[PDB]
Structures are given as structure tokens and as C-alpha cells.
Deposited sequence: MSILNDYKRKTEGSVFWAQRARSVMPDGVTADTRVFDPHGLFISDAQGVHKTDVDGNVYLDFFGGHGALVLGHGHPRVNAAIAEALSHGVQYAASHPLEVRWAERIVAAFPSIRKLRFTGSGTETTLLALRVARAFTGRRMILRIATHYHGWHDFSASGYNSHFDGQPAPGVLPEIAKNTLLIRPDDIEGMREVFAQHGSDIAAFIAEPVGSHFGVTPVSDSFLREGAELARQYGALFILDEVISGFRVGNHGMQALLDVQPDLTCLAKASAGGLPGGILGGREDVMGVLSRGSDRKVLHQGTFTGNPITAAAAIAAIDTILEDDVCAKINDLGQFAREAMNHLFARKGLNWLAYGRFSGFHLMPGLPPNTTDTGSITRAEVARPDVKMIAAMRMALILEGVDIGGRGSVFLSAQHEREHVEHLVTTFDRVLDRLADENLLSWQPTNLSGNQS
């Protein structure tokens, strides 16, 4: 079986998973990783994998890009781990202001989490209002919830509550870079409704920043958010966040200090992304990968769909591969894929030497090539056959 093959391939991860279970809360064991470089990683058993998810978006340039690692090495040699005032942080900030037209002034934070938290406090401070509107992910007294793409629900929320809404906060593309898609038009209307009711619009660009393009998702949306949240690729793949925005709104900021090692990584990563035309190349690769996967599903006679935008894709078992409207995903109308099937899919991919994320998600990096995507297609072909072998596939759409 897939499961027994997987356990036999990863006996060292089984060993470590047992030690982990004794000190952490509690289906099949996860993969313990010992090394990574480029677009490959190695587990504790010495198996090598082609990696399509390591970093969860934070590694736009792949594992250990030489320019980033050289900057980190030089910064480490000076011995400063934290500083509120450091030249590298200023140079990092200069890149962020230059990239995002809406970001006039910024503050560094310890994490993406602290950034969105700080953004809400700043919105409440600046407006004096108490309530925050956010988009529902699955379906907190000052939290209002709205389903993605539910324009009419959003209008009723503002009509009933708009004068008490400090801000509307939204992640573009969709939750977790598009697992639940949200339309650009829904974000633009929410920004307009926010302005008309005196609420701020906070755009969470923690994943989109320095991935979808050189000036953020907000440039693609033609929207000027009052506040922008950044981290991940905008921090060179290292820990830390950035809250940026309008001068007047950021003025309300007039324990985390600052991280010069992260700043060194961010300067090198941003310059490489700009110089090497990385966002365009991974956007093209993402479109190639979605088209190749949907052609594979069609070839095999399977009602699966590869969906998404930019340098990522996601899989929805149960929709036909020629599907163009992802509304049934956004509206949570598609049946949840069988959890045993998804687990076996992830295990079978690992048996073939490939790893992806979650229930079937992929990020592409600057170091992936079309040849790697073709290897993913060939591997998925075999994985689907093995799922069929174990009666884990359904064919009704």
C-alpha cells in the first residue's frame, strides 16, 4: 500500500515523530528535513525531494539563494542581532517605500502576525471606531464577518454598522494565496465602501508582496490601501514584518526594535527579484503549471481542477479541469475532498520524490524551471494511478 511504502521510506521520520509526540499535541507522520538547497530538500533518511512548498511562500528565490546567503553571512559577521537603529534597516525601508506607492512611512514588526494586529490597533486609533470587518474563511465582539465575493452582504454590513467600522482588512487572491478565491472586484468595492463610510482599508500583502509583481498586488488592483501588511518575501524570507501606509495614518505611531540580519536578507532578495525579473518569470511558470495539470486531468479522464493565480496553484478534486468559474469554491459548494484520499496523495508524491503543501497547494520559486513542472506532471500521473489502485478516487463531478 501507499501507507506501508511511505512508512518504509521514512523510518527516520517515524523515529523522530515518536519523540515529537511526547512533547507536542497530537494522521500519518510528517517529514523530518535535514538539508535544503535550490528547489530540493533532504529528509533524515537521506531521501531527496523536489520541493514545491518549502517556506509557505517566504522563499520566492528558493532555498539558500547565493546572493541572499552572502548578505546574511556578512551581516552575521558584525554580531548585531537586534537594533532599533541600523543602516541596513533604513536601506530595507527605502526599498519598501520605493516599491509600494501607498507606503509613505513604515514600521518594522517581529512577525506577520504582529503586523496585522498592529494594523488593526492603528486603524482603531486613527478612526476612534471599534469594529473591524474581515472576510470569512470557514462557514471578537468588534469583529464583523462577510463571505468572499458577497457584495450585497458587505453593503448591508456597512449600512447597518459602517460608522463604527474602523477598517476593512482583506488578503488579495484569497485565503492562503487563493485556496478560497476572492475576486479583485470584491476588494475594489470593499475599498470604496470603506472610504465612503470613513473606514480604513488594510491590504494584507504578506504573501503577495514581492511575489505577484514589483509593486504589490495593490498596483494590480489599482487600489491605494491606507495600510499594507508585509512579511515573508518582503523580509528576504527571514523572520519579521512591516506595517506601511499613509503618512497621516502612520502618524498615530508617533517591544520589538529591529533585525539587521533580516534587513540584509531583504535587501539582497528584493534587489535580486527586481534585477532578475523574477515575478514575471514565476507568474509565467504558474500559468504553465496550471495549464499542464489541467491537461493531465483531462487526459486521464478525471474531474479534478488545478486553480489559482500568479506563482501558485491549488487542487480541487470534483470539478472538471475545463472549469473557468471558481465561484463554487468561493461559495463552499464543492464537496470536501476525502481526507484519506488527500493524505494518500501527499504520501504517494513523497514516494515519487516530490513534496507539495496542505491539501494540494504549490508555490513556485525563481529557481524552478519548466522542466521541474513537467516532472511534477509526470509524478502526478503516477500518483493518480496509485490512488485509483486503492479505490480512493471518485469520478462523479
Wait, which stretches of the deposited chain are just not there in the structure?
1, 28 to 36, 150 to 176, 292 to 302, 446 to 453
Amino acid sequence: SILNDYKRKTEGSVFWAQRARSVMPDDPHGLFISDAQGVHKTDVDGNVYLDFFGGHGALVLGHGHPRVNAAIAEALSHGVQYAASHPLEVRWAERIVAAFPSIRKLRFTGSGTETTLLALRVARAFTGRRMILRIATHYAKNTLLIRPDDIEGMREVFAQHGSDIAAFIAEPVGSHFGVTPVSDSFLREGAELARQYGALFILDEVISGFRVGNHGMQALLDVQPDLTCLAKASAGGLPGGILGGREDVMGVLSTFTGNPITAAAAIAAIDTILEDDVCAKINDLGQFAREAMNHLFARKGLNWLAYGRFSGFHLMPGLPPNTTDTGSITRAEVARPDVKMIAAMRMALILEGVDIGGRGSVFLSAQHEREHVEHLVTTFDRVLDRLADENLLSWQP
From here on, numbers count along this sequence of modelled residues.
Which has higher Cα B-factors on average according to the PDB entry: 339 to 347 or 57 to 65?
339 to 347
So which stretch wins on mean C-alpha B-factor, 226 to 234 or 181 to 189?
181 to 189
Name the residue from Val278, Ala159, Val206, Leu88 with the greatest C-alpha temperature factor listed in the entry.
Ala159
Looking at the C-alpha B-factor values in the deposited entry, which of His78, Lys300, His176, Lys141 comes out highest?
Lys141
Taking the entry's C-alpha B-factors for this chain, is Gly213 in the lowest, middle or highest third?
lowest
Cα B factor band for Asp164 (lowest, middle or highest third within the chain)
highest
Lowest, middle or highest third: where is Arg129 by C-alpha B factor in its chain?
highest
CA B-factor placement of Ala194, once the chain's modelled residues are sorted into thirds:
highest
Within this chain's modelled residues, let me know which third the CA B factor of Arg121 belongs to: lowest, middle or highest.
highest
